[PDB]
>>> print(open('my_file-v6.txt').read())   # compact mmCIF, C-alpha atoms and all ligand atoms
# COMPACT_ATOMS: atom_id res chain seq x y z
CA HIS A 3 0.00 0.00 0.00
CA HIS A 4 1.26 3.44 -1.02
CA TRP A 5 0.27 6.73 -2.65
CA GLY A 6 -1.47 6.89 -6.00
CA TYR A 7 -4.41 8.54 -7.74
CA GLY A 8 -7.19 6.19 -6.67
CA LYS A 9 -10.18 6.87 -4.44
CA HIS A 10 -8.41 5.35 -1.42
CA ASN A 11 -4.84 6.55 -1.96
CA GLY A 12 -5.37 9.70 -4.02
CA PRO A 13 -4.15 13.30 -3.48
CA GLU A 14 -6.68 13.88 -0.69
CA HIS A 15 -4.90 11.15 1.32
CA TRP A 16 -1.27 12.15 0.72
CA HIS A 17 -1.02 14.41 3.77
CA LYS A 18 -1.14 11.41 6.11
CA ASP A 19 2.21 10.11 4.85
CA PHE A 20 3.58 13.46 3.63
CA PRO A 21 2.53 16.25 6.05
CA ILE A 22 4.12 18.87 3.78
CA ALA A 23 1.11 18.33 1.49
CA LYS A 24 -0.58 21.05 3.54
CA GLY A 25 2.44 23.34 3.33
CA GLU A 26 2.81 27.03 2.45
CA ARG A 27 4.16 26.67 -1.09
CA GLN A 28 2.44 23.66 -2.57
CA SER A 29 1.75 23.12 -6.27
CA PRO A 30 -0.09 23.15 -8.60
CA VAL A 31 -2.13 26.35 -8.33
CA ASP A 32 -4.72 28.18 -10.39
CA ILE A 33 -3.14 31.01 -12.34
CA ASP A 34 -5.42 34.06 -12.19
CA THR A 35 -4.28 36.01 -15.25
CA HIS A 36 -5.70 39.29 -13.98
CA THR A 37 -4.03 39.08 -10.57
CA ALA A 38 -0.64 37.97 -11.92
CA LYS A 39 1.82 40.87 -11.95
CA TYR A 40 3.90 41.80 -14.98
CA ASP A 41 7.51 42.06 -13.83
CA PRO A 42 9.68 44.15 -16.22
CA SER A 43 12.81 42.84 -14.49
CA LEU A 44 12.11 39.27 -15.64
CA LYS A 45 14.68 38.12 -18.19
CA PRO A 46 13.77 35.99 -21.22
CA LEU A 47 14.14 32.25 -20.74
CA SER A 48 17.26 30.65 -22.20
CA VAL A 49 16.72 27.06 -23.28
CA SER A 50 19.79 25.19 -24.53
CA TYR A 51 18.75 21.67 -25.52
CA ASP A 52 20.91 21.25 -28.64
CA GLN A 53 23.22 18.74 -26.90
CA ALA A 54 20.54 16.80 -25.01
CA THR A 55 21.14 13.07 -24.57
CA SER A 56 18.07 11.00 -23.71
CA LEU A 57 18.75 7.60 -22.16
CA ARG A 58 15.61 5.72 -21.26
CA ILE A 59 11.86 5.86 -20.83
CA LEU A 60 10.15 4.15 -17.91
CA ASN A 61 6.77 3.55 -16.32
CA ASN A 62 7.10 4.18 -12.57
CA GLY A 63 3.45 3.56 -11.77
CA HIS A 64 2.59 7.26 -11.55
CA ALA A 65 3.44 8.34 -15.09
CA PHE A 66 6.11 7.62 -17.68
CA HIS A 67 9.43 9.44 -17.51
CA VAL A 68 12.01 10.14 -20.16
CA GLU A 69 15.42 10.33 -18.52
CA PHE A 70 18.45 12.29 -19.73
CA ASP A 71 22.17 12.19 -19.08
CA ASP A 72 22.74 14.96 -16.53
CA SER A 73 26.45 14.35 -15.86
CA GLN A 74 27.38 17.48 -17.84
CA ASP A 75 25.71 20.71 -18.95
CA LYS A 76 24.29 19.11 -22.11
CA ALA A 77 20.71 20.36 -21.81
CA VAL A 78 20.23 23.38 -19.57
CA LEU A 79 17.81 26.11 -18.58
CA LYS A 80 19.02 29.59 -17.63
CA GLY A 81 17.66 33.11 -17.42
CA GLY A 82 14.11 34.03 -16.55
CA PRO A 83 13.70 34.22 -12.74
CA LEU A 84 16.61 31.81 -12.29
CA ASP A 85 20.04 32.42 -10.82
CA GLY A 86 22.56 29.96 -12.19
CA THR A 87 22.36 26.95 -14.49
CA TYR A 88 19.77 24.18 -14.23
CA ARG A 89 20.30 20.78 -15.89
CA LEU A 90 17.50 18.79 -17.47
CA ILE A 91 17.14 15.37 -15.81
CA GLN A 92 13.74 14.07 -16.97
CA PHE A 93 10.36 15.01 -18.37
CA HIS A 94 6.95 13.44 -17.87
CA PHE A 95 3.26 14.24 -18.38
CA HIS A 96 -0.02 14.42 -16.48
CA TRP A 97 -3.21 13.64 -18.26
CA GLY A 98 -6.90 12.93 -17.86
CA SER A 99 -9.49 10.31 -18.69
CA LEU A 100 -11.27 12.86 -20.92
CA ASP A 101 -9.97 15.82 -22.96
CA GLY A 102 -11.60 18.26 -20.53
CA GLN A 103 -9.18 17.51 -17.70
CA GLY A 104 -5.62 16.39 -17.14
CA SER A 105 -3.47 19.44 -16.44
CA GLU A 106 -2.29 20.23 -12.93
CA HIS A 107 -2.06 24.00 -13.23
CA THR A 108 -5.15 25.79 -14.48
CA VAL A 109 -5.47 29.20 -16.12
CA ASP A 110 -8.45 31.20 -14.89
CA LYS A 111 -9.88 27.85 -13.80
CA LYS A 112 -9.46 26.40 -17.29
CA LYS A 113 -8.13 22.83 -17.38
CA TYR A 114 -6.11 21.46 -20.30
CA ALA A 115 -5.96 17.87 -21.61
CA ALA A 116 -2.48 17.32 -20.21
CA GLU A 117 0.60 19.03 -18.82
CA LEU A 118 4.24 18.40 -19.67
CA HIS A 119 6.87 18.88 -16.96
CA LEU A 120 10.54 19.29 -17.87
CA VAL A 121 12.48 18.91 -14.62
CA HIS A 122 15.85 20.62 -14.11
CA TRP A 123 18.13 20.87 -11.07
CA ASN A 124 20.47 23.65 -9.93
CA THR A 125 24.05 22.59 -10.72
CA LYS A 127 25.35 24.45 -7.67
CA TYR A 128 24.09 21.52 -5.58
CA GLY A 129 26.01 18.76 -7.38
CA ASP A 130 23.16 16.30 -7.83
CA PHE A 131 19.37 16.02 -7.99
CA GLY A 132 19.17 14.44 -4.53
CA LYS A 133 20.86 17.40 -2.87
CA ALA A 134 18.94 19.91 -4.98
CA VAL A 135 15.48 18.82 -3.79
CA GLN A 136 16.47 19.80 -0.24
CA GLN A 137 16.98 23.45 -1.25
CA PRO A 138 14.39 26.21 -1.78
CA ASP A 139 15.91 27.04 -5.19
CA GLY A 140 16.97 23.51 -6.07
CA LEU A 141 14.68 22.77 -9.01
CA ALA A 142 13.20 24.52 -11.99
CA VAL A 143 10.29 22.88 -13.70
CA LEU A 144 9.08 24.07 -17.09
CA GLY A 145 5.36 23.45 -17.45
CA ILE A 146 3.69 23.24 -20.85
CA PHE A 147 -0.03 22.77 -21.46
CA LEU A 148 -1.38 20.38 -24.08
CA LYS A 149 -4.67 20.97 -25.87
CA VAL A 150 -6.33 18.56 -28.29
CA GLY A 151 -6.28 19.57 -31.94
CA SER A 152 -3.63 19.03 -34.60
CA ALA A 153 -1.01 16.33 -34.06
CA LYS A 154 2.45 17.22 -32.76
CA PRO A 155 5.01 15.44 -34.99
CA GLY A 156 7.77 15.80 -32.41
CA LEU A 157 5.78 13.82 -29.85
CA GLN A 158 5.16 10.78 -32.06
CA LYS A 159 8.42 9.01 -31.19
CA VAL A 160 7.28 9.04 -27.56
CA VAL A 161 3.78 7.75 -28.25
CA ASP A 162 5.09 4.90 -30.41
CA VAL A 163 7.19 3.35 -27.62
CA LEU A 164 4.50 3.42 -24.92
CA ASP A 165 3.41 -0.10 -25.89
CA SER A 166 6.78 -1.37 -24.65
CA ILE A 167 6.35 0.12 -21.15
CA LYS A 168 2.66 -0.52 -20.52
CA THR A 169 2.98 -1.70 -16.91
CA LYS A 170 4.64 -0.38 -13.76
CA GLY A 171 8.36 -1.15 -13.61
CA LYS A 172 8.94 -1.52 -17.35
CA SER A 173 11.66 0.54 -19.01
CA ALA A 174 13.18 0.75 -22.48
CA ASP A 175 16.08 2.35 -24.32
CA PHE A 176 15.10 5.76 -25.64
CA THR A 177 18.02 7.49 -27.31
CA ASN A 178 18.35 10.46 -29.62
CA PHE A 179 15.08 12.11 -28.63
CA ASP A 180 15.15 15.89 -29.08
CA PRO A 181 13.04 17.70 -26.46
CA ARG A 182 13.04 20.86 -28.58
CA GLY A 183 10.18 19.39 -30.57
CA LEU A 184 7.87 19.75 -27.56
CA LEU A 185 8.24 23.51 -27.14
CA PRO A 186 5.68 26.09 -28.30
CA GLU A 187 6.61 29.05 -30.51
CA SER A 188 6.55 31.60 -27.69
CA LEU A 189 8.41 31.36 -24.40
CA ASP A 190 6.27 33.91 -22.52
CA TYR A 191 5.63 32.62 -19.01
CA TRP A 192 4.30 32.93 -15.50
CA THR A 193 6.44 32.05 -12.53
CA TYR A 194 6.00 31.35 -8.84
CA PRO A 195 7.67 29.45 -6.00
CA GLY A 196 6.16 26.01 -5.47
CA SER A 197 6.71 22.31 -4.94
CA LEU A 198 6.86 18.93 -6.58
CA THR A 199 3.35 17.79 -7.40
CA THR A 200 3.97 14.16 -6.46
CA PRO A 201 5.30 12.84 -3.14
CA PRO A 202 7.64 13.75 -1.44
CA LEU A 203 6.02 17.08 -2.42
CA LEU A 204 9.16 19.01 -1.46
CA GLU A 205 8.98 22.80 -1.68
CA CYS A 206 12.10 23.21 -3.80
CA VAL A 207 10.66 24.24 -7.17
CA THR A 208 10.65 27.46 -9.11
CA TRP A 209 7.77 27.01 -11.53
CA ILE A 210 7.90 28.34 -15.03
CA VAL A 211 4.60 27.80 -16.77
CA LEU A 212 4.40 28.71 -20.45
CA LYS A 213 1.44 30.77 -21.64
CA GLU A 214 1.19 29.09 -25.04
CA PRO A 215 -0.03 25.49 -25.08
CA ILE A 216 1.08 22.97 -27.69
CA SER A 217 -1.46 20.97 -29.68
CA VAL A 218 -1.57 17.18 -29.82
CA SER A 219 -4.06 14.96 -31.63
CA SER A 220 -6.81 12.92 -30.03
CA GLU A 221 -5.02 9.79 -31.24
CA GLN A 222 -1.79 10.80 -29.52
CA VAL A 223 -3.36 11.48 -26.10
CA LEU A 224 -5.45 8.34 -26.48
CA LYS A 225 -2.25 6.29 -26.43
CA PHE A 226 -1.26 7.88 -23.10
CA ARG A 227 -4.50 6.47 -21.69
CA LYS A 228 -3.58 2.88 -22.58
CA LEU A 229 -0.82 2.71 -19.96
CA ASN A 230 -1.36 0.89 -16.65
CA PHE A 231 -0.86 1.98 -13.03
CA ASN A 232 -0.49 -1.68 -12.09
CA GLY A 233 2.41 -4.02 -12.72
CA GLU A 234 2.34 -6.95 -15.15
CA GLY A 235 0.30 -9.91 -13.95
CA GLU A 236 -2.12 -7.81 -11.91
CA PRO A 237 -5.67 -6.48 -12.39
CA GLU A 238 -5.55 -3.84 -15.13
CA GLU A 239 -5.99 -0.27 -13.90
CA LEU A 240 -5.67 2.32 -16.66
CA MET A 241 -3.21 5.15 -16.02
CA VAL A 242 -5.51 8.17 -16.32
CA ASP A 243 -6.14 11.27 -14.22
CA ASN A 244 -2.67 11.21 -12.69
CA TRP A 245 -2.96 14.88 -11.74
CA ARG A 246 -3.08 16.72 -8.43
CA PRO A 247 -5.80 19.37 -7.93
CA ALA A 248 -4.94 23.04 -7.48
CA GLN A 249 -3.67 24.01 -4.02
CA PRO A 250 -4.08 27.26 -2.03
CA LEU A 251 -1.87 30.09 -3.29
CA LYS A 252 -1.51 31.40 0.26
CA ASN A 253 1.11 34.14 0.66
CA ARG A 254 2.48 33.92 -2.88
CA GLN A 255 2.49 36.15 -5.94
CA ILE A 256 2.49 34.89 -9.52
CA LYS A 257 4.63 37.00 -11.85
CA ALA A 258 4.27 37.26 -15.62
CA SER A 259 7.02 37.88 -18.18
CA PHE A 260 4.49 39.56 -20.47
CA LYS A 261 1.83 42.28 -20.31
ZN ZN B 301 4.82 16.52 -13.02
>>> encode(input="my_file-v6.txt", output="structure tokens")
Amino acid sequence: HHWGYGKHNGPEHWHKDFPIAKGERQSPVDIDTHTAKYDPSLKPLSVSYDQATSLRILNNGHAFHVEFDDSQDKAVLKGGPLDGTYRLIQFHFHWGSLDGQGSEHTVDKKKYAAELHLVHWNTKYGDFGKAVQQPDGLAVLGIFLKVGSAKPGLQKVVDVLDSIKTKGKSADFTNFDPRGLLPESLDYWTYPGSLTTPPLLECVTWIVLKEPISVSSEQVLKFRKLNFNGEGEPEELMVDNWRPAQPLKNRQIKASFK
């Protein structure tokens, strides 16, 4: 028995094992576009993914993660509200059982079909493990997905999902370019928050892009064929692996655009 997204172990139950779930800077949150403050001092984001080296894709029972080689500054995020260099370690998604839900963050209460999270850690801390224990340890880039036209750059990911259907399965996933998942504009909102899955540590500087990317119904449908369970167990479809919006509390959301 452990945390999950079911009726008996879902987000509403997480606080029992992870008290920080009721903390002061929990994520996700609803982004009120009219209350967000334009900050002229916010620098443009600098995304350098030209040398990215993907290694593997795996189903960890909560979602599927694409892992990268983070032993050198191959794929990094700089600028914006960040101080220093952050290395990309993995990316994963959050999606729903229907196109009307799936994203973790919401914009003026609007929910998207899914949300992509590109996780980076502050190189000043040496490794991911040390970084999650710091208030400025991680930088997660959040991108919304809406259903419409297909996204060619996402197809390589959808085609390998069959090989990692159940919890615990992993497969080689080399030469994947994450640049094909980015929208045209890099305008964003930013706030101090946390990881949206246990341990729910409050070590993240969220950077949520304003422009969503479009994916086809067929592409998101394949996400929904994954399983929460491991092989040889009752099939439980991996859907609605998202945490509901949390109280903003004493926090301000800043925007890089007016
Ligand atoms: Zn996530």
>>> residues_near_ligand(input="my_file-v6.txt", ligand="ligand ZN 301 (chain B)", cutoff="9 Å", atoms="only C-alpha atoms and all ligand atoms", output="PyMOL selection string")
chain A and resi 65+93-96+106+117-121+143+145+198-200+245
>>> write_last_selection(input="my_file-v6.txt", atoms="C-alpha atoms", output="compact mmCIF listing (two decimals), keeping the file's coordinate frame")
# COMPACT_ATOMS: atom_id res chain seq x y z
CA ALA A 65 3.44 8.34 -15.09
CA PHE A 93 10.36 15.01 -18.37
CA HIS A 94 6.95 13.44 -17.87
CA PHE A 95 3.26 14.24 -18.38
CA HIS A 96 -0.02 14.42 -16.48
CA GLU A 106 -2.29 20.23 -12.93
CA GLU A 117 0.60 19.03 -18.82
CA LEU A 118 4.24 18.40 -19.67
CA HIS A 119 6.87 18.88 -16.96
CA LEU A 120 10.54 19.29 -17.87
CA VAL A 121 12.48 18.91 -14.62
CA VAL A 143 10.29 22.88 -13.70
CA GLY A 145 5.36 23.45 -17.45
CA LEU A 198 6.86 18.93 -6.58
CA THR A 199 3.35 17.79 -7.40
CA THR A 200 3.97 14.16 -6.46
CA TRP A 245 -2.96 14.88 -11.74
>>> closest_residue(input="my_file-v6.txt", among="A:122, A:76, A:252, A:67", to="residue A:27", atoms="only C-alpha atoms")
A:252
>>> closest_residue(input="my_file-v6.txt", among="A:218, A:78, A:144, A:90", to="residue A:50", atoms="only C-alpha atoms")
A:78
>>> axis_aligned_box(input="my_file-v6.txt", around="stretch 243-246 of chain A", padding_each_side="3 Å", output="lines of an AutoDock Vina configuration file")
center_x = -4.4
center_y = 14.0
center_z = -11.3
size_x = 9.5
size_y = 11.5
size_z = 11.8
>>> closest_residue(input="my_file-v6.txt", among="A:37, A:193, A:220, A:56", to="residue A:69", atoms="all atoms listed in the file")
A:56
>>> atom_distance(input="my_file-v6.txt", atom1="atom CA of residue A:185", atom2="atom CA of residue A:146")
7.8 Å
>>> atom_distance(input="my_file-v6.txt", atom1="atom CA of residue A:234", atom2="atom CA of residue A:163")
16.9 Å
>>> atom_distance(input="my_file-v6.txt", atom1="atom CA of residue A:240", atom2="atom CA of residue A:61")
12.5 Å
>>> residues_around(input="my_file-v6.txt", residues="stretch 235-238 of chain A", least_positions_apart="5", cutoff="10 Å", atoms="only C-alpha atoms", output="VMD selection string")
chain A and resid 169 229 to 230
>>> closest_residue(input="my_file-v6.txt", among="A:127, A:24, A:225, A:149", to="residue A:114", atoms="all atoms listed in the file")
A:149
